[PDB]
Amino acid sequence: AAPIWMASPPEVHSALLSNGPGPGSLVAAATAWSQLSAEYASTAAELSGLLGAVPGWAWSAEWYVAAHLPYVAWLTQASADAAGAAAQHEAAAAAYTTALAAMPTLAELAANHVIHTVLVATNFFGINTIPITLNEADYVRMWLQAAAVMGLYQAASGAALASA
């Protein structure tokens, strides 16, 4: 509902985000809205030219085409909304793909912990290279990297979800 991203390790953030169906469904909707936005504009064209299907004699029954005409404004608004939805889905699909590329890998997190347990075992000669501080400091980097990517992926997809 209202999660705190820096409260949990990067292993859970990377586990939830890295393994899923994929963005293939968001692009499937983006291209559907855009194709649906061309139909709303295409039909608005042939509807605005409804006259011409009426023969010469118009003495009478012009009220017919005049009652179907107000809906051309409806088809323009419908094409606009359907065109914005295609951009929302297209943007949300890009936020995920980049957030995944920024999330630290689980194998990168596993290798971090594995190397920590072995540096604690034997570290005398190379102790001014401070490998314990760097490895532990390299973990908090992944801690903050994951917590930052999620805080942005929220506001990125949260902003790409608001409309009207």
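Just count from 1 along the sequence shown to find any residue number.
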Problem - Count class of coordinate-free deposited residues lying between the neighbours residue 59 and residue 60 - result: 1 to 3
Practice task
Averaging the C-alpha B factors as listed in the entry, name the stretch that ends up higher: 139 to 147 or 18 to 26.
Solution key: 18 to 26
Problem - residue 55 by Cα B-factor - lowest, middle or highest third of the modelled chain - result: highest
Practice task
Grab the CA temperature factor for residue 128 from the record and place it in the lowest, middle or highest third of its chain.
Solution key: middle
Completion exercise
In terms of its chain's C-alpha B-factors, the third that includes residue 76 is the middle
Problem - residue 49 - Cα temperature factor, lowest/middle/highest third of chain - result: lowest
Practice task
Would you mind ranking residue 7 by its C-alpha B-factor against the rest of the chain and naming the third, lowest, middle or highest?
Solution key: lowest
